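Next up is one chain by itself, shown in structure tokens, the form solved without this ligand.
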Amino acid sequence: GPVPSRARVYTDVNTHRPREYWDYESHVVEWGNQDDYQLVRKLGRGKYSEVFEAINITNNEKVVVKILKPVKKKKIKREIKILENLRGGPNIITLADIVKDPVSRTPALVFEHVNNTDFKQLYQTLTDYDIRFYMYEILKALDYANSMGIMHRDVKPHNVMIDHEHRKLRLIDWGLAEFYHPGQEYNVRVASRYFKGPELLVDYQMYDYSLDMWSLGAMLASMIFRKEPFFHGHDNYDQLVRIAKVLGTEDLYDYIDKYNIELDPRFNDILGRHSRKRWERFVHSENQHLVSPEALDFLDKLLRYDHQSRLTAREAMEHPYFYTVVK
């Protein structure tokens, strides 16, 4: 069967924790006062919750309220525990409170407010420098989470809140995030299609933090090449084919061969044979100002089939691409 895999970093952080740190099932929620908060506007509704702009009349500050749908009964304590574990970390969204919504009769998570600009309108204007700046900020969040034994598993532009005016960034929606336990098998039905790592698409369950570095790379590619999304699959199968048309099929087979993975036989008729492409073919007059040798090398080291070969978040922060960013 499949060969096992372990993260190359932060492998044993949770094993050296009291059970309570990662045992989210046993967590006892501290409930706040629902009447502290007044809902102002509905912002949106995801699969697992409805999201509101609200006000915290106890102090009068603006907050964000995520009223959890009757979800997968236990995603709740997982998200709460992860949020509490990561609170105060660099660019980690701050859980301000947890209350019981009187109408939904479900938990309502209360967050810090962030003044975001739609990523679409936002990415059409970001300069080269600003791409680097904000990527570095995202990496701080990811490395922090990983050092705390947690992977986000849903990195995508919609989950990065950016207050461009204040050049402030927050990584949000930790509802899919998990504790990393070496040797543990995970659900491959995580992340959004265009940001799913090859490991998910070939149904390899023993993945780790490095999943999010693929997603970050897919984000970066869309930004520096001005192509949304960069890997544009019709479904999860076509998604892998779109990746293979860039990274090539030989390295794909090397990957699944290394882990003794067998592709779904439905790929036989659709995968074809594809050479690895040089990144220069995606450069054109409209995106050239966003591209540099450093950008391409950085991208190249994120977008690897083999999850074990990708840059870790810390290694990524060491890359020459970020030398120009003021620290």
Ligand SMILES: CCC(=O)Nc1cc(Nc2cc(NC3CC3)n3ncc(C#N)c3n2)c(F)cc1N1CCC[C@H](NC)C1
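Numbering starts at 1 and follows the sequence shown.
The mean Cα B-factor in the deposited entry runs higher for 24 to 32 than for the other of 287 to 295 and 24 to 32. Stretches 34 to 42 and 257 to 265 differ in mean C-alpha B factor, with the higher average recorded for 34 to 42. Taking only the listed residues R189, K156, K75, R87, the entry reports the highest CA temperature factor at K75. Sorting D235, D101, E165, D173 by the CA temperature factor given in the entry leaves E165 at the top. Ranked by Cα temperature factor within the chain, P4 sits in the middle third according to the deposited record. In this PDB entry, the Cα temperature factor of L302 sits in the bottom third of its chain's modelled residues, the lowest group.
Split the chain's modelled residues into thirds by C-alpha temperature factor. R132 is in the lowest one. The deposited CA B-factor of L252 belongs to the lowest third of values across its chain. In the deposited entry, the Cα temperature factor of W279 places it in the middle third of its chain's modelled residues.
Here the subject shifts to the form deposited with this ligand bound, a form of this protein not shown in this document.
Distance criterion of 4.5 Å from any heavy atom to this ligand in the deposited complex singles out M161 from the list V202, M161, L247, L86. Checked against this ligand in the deposited complex, the candidates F231, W214, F111, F225 yield a single residue with a heavy atom inside 4.5 Å, and that residue is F111.
Remark: all three candidate residues (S49, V64 and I93) come within 4.5 Å of this ligand in the deposited complex, counting heavy atoms only. Shown alone, this chain has one stretch from 285 to 293, 41 to 49, 254 to 262, 298 to 306 that lies within 4.5 Å of this ligand in the deposited complex by heavy atoms: 41 to 49. Among residues of the shown chain, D173 is one whose heavy atoms approach this ligand to within 4.5 Å in the deposited complex. Looking at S147, you'd find every heavy atom of it more than 4.5 angstroms from this ligand in the deposited complex.
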